[PDB]
């Protein structure tokens, strides 16, 4: 099949920035190339058809061009509502094939996370499990280090992280880290803490509680 090699895999650009996304076909596909935009939880939407034609209702800041087997999507002035994954597609032959996609995030200034820690509810303890939650709220960039310490001892392999999609209003991220222990193990320790390292913080921030206190 004809392969569509799309680059970059991801990119961050500030609002107003001119953005360039590339897609190289493994062989001649003429102008039978399309560009799609996909926002989290939504269907793809057509932006460009026949290599260079702007689709109905799409903002004029989107454009497409072709040079041999290379196809270029350009966003002249990146807006906050352009946060999405972009896909090229050839349909010169069957099967139609897609590029791997390019995830576009909005670049903004550094923002330090607000950190919160939540002990397990008495309700959950009754069932025999203890979940401890650490929240990092509204920060940038996305890169952050969250480390669990129980009785000042580094705990590994017992926590999972989740990160929200970039916020449409302030372009920040939020993150949850959840530590799961049995009720038995939880009752064997006193100090529960999450230590957070982030570019927006001069030094690592620790939030903790003492079980039972």
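Numbering follows the first chain given and starts at 1.
Enquirer: Going by the mean C-alpha B-factor recorded in the entry, which is higher: 186 to 194 or 18 to 26?
Expert: Per the PDB entry, the higher value belongs to 186 to 194.
Enquirer: Do the C-alpha atoms of 146 to 154 or of 46 to 54 have the higher average B factor in the entry?
Expert: On average, C-alpha B-factors are higher across 146 to 154.
Enquirer: Quick one: classify residue 118 as lowest, middle or highest third of the chain based on its Cα B-factor.
Expert: Lowest third of the chain for residue 118's C-alpha B-factor.
Enquirer: Thinking about Cα B factors across the chain, which third does residue 125 belong to?
Expert: Highest third, going by the recorded CA B-factors of the chain.
Enquirer: Split the chain's modelled residues into thirds by Cα B-factor; is residue 161 in the lowest, middle or highest one?
Expert: Middle third by C-alpha B-factor.
Enquirer: Please place residue 68 in the lowest, middle or highest third of its chain by C-alpha B factor as given in the entry.
Expert: Ranked within chain, residue 68 CA B lands in the middle tercile.
Enquirer: Sorting the chain's CA B-factors, does residue 168 end up in the lowest, middle or highest third?
Expert: It belongs to the highest third of the chain when residues are ordered by C-alpha B-factor.
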